[PDB]
Amino acid sequence: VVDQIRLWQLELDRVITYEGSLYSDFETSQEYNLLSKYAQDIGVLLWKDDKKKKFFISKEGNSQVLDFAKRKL
Amino acid sequence: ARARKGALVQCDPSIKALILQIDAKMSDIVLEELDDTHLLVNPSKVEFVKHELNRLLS
């Protein structure tokens, strides 16, 4: 019957959304790889994609990675 | 080299498809389709999307 709707609602409650910042437009693979590995290391990396040279960082990690970026590039 | 604030939405492909259809008709919701299970969404619209999704089930 339609407790198919019930399984849809359950899956709907398994959606996750985060505030933060998408980083993109990198000159070099090196720099993209440097910041995302730093973000991975301090636990604030939520998503990345090597081929697009993009990643997303949580809000609470935002200034740590900006400050790392100023210091190391 | 560039940062932009947003809301990262992580969801099953089935629900991604509903979101994109909600966006088709309301238009102002999806900034970028990131991969199979991730969307970059207008932060002000997360409420609305979560509200609208829930309603589609009724």
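No hydrogens, no waters, no symmetry mates; every other heavy atom, side chains included, goes into these values. Chain A is the first sequence line, chain B the second, and so forth, proteins listed ahead of strands; every chain is numbered from 1.
- B:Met26 contributes atom CE, which lies 14.5 Å from atom CG of B:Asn42 (distance to the nearest 0.5 angstrom).
- Looking only at distances, a side-chain donor or acceptor of B:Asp35 sits under 3.5 Å from a matching main-chain atom of B:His38.
- Nearest heavy atoms, B:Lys16 versus B:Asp36: CD-O, 3.2 Å.
- Counting heavy atoms from C-beta on, the side chains of A:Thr17 and B:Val41 never come closer than 4.5 Å.
- Side-chain contact check for A:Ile57 versus A:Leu45: some heavy-atom pair is nearer than 4.5 Å.
- Side-chain N/O atoms of B:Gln10 and A:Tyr18 include a donor and acceptor closer than 3.5 Å.
- Here the straight-line distance linking atom CG of A:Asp3 with atom CD of A:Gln9 works out to 13.0 Å at 0.5 Å rounding.
- Tracing side-chain contacts under 4.5 Å through hydrophobic residues (I, L, V, M, F, W, Y), one reaches B:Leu40 starting from A:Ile16; they form part of the same cluster.
- Note on B:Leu56 and B:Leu39: same hydrophobic cluster, where clusters join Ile, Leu, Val, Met, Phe, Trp and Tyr whose side-chain heavy atoms are under 4.5 Å apart, directly or indirectly.
- Considering OG of A:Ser58 and CG of B:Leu8, their distance stands at 10.5 Å, rounded to 0.5 Å.
- The minimum heavy-atom distance between A:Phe55 and A:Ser36, with the atom names listed, is CD2-CB, 3.7 Å.
- Two residues are said to be in side-chain contact when any heavy atoms from C-beta on lie closer than 4.5 Å; B:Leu18 and A:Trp8 meet this criterion.
- Annotation for A:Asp49 and A:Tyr32: closest pair C-OH, 3.2 Å, computed over non-hydrogen atoms.
- Shown here is A:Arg71, whose CZ atom has no more than 12 heavy atoms of other residues, nucleotides or ligands within 6.0 Å.
- By the 4.5 Å heavy-atom criterion applied to side chains, B:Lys45 and B:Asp28 are counted as neighbours.
- Taking the side chain as every heavy atom from C-beta outward, B:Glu32 and A:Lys54 approach each other to under 4.5 Å.
- Placement of B:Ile19 and B:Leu34 in two distinct hydrophobic clusters is found when ILVMFWY residues are connected by side-chain heavy-atom separations under 4.5 Å, directly or transitively.
- Linking ILVMFWY side-chain heavy atoms closer than 4.5 Å, directly or via other members, places A:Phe26 and A:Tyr38 in a single hydrophobic cluster.
- Remark: B:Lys5 NZ to A:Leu22 CG distance equals 13.0 Å, nearest 0.5 Å.
- Within 6.0 Å of atom NZ in A:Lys52, more than 12 heavy atoms from other residues, nucleotides or ligands are found, so the atom counts as buried in its surroundings.
- Shortest non-hydrogen contact noted between B:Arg55 and B:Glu52 is NE-OE1, 3.0 Å.
- Both B:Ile22 and B:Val9 are assigned to one and the same hydrophobic cluster, defined by single-linkage of ILVMFWY side chains at heavy-atom distances under 4.5 Å.
- The neighbour count for A:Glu19 CD, taken as heavy atoms of other residues, nucleotides or ligands under 6.0 Å away, does not exceed 12.
- Taking each heavy atom of A:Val15 and B:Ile15 in turn, the nearest pair found is CG2-CG2, 3.8 Å.
- Remark: side-chain polar atoms of A:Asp67 are not paired, donor with acceptor, to backbone N or O of A:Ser63 under 3.5 angstrom.
- The nearest pair of heavy atoms linking B:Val30 to B:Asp23 is N-OD1, 3.3 Å.
- The NZ atom of A:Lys72 sits 9.0 Å away from atom CG of A:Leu34, with the distance rounded to the nearest 0.5 Å.
- With 3.5 Å as the limit, one finds a donor-acceptor pair spanning the side chains of A:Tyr23 and A:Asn62.
- Between B:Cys11 and B:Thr37 the shortest side-chain heavy-atom distance does not fall below 4.5 Å.
- A distance of 13.5 Å separates NZ of A:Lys53 from CG of A:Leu35, quoted to the nearest 0.5 Å.
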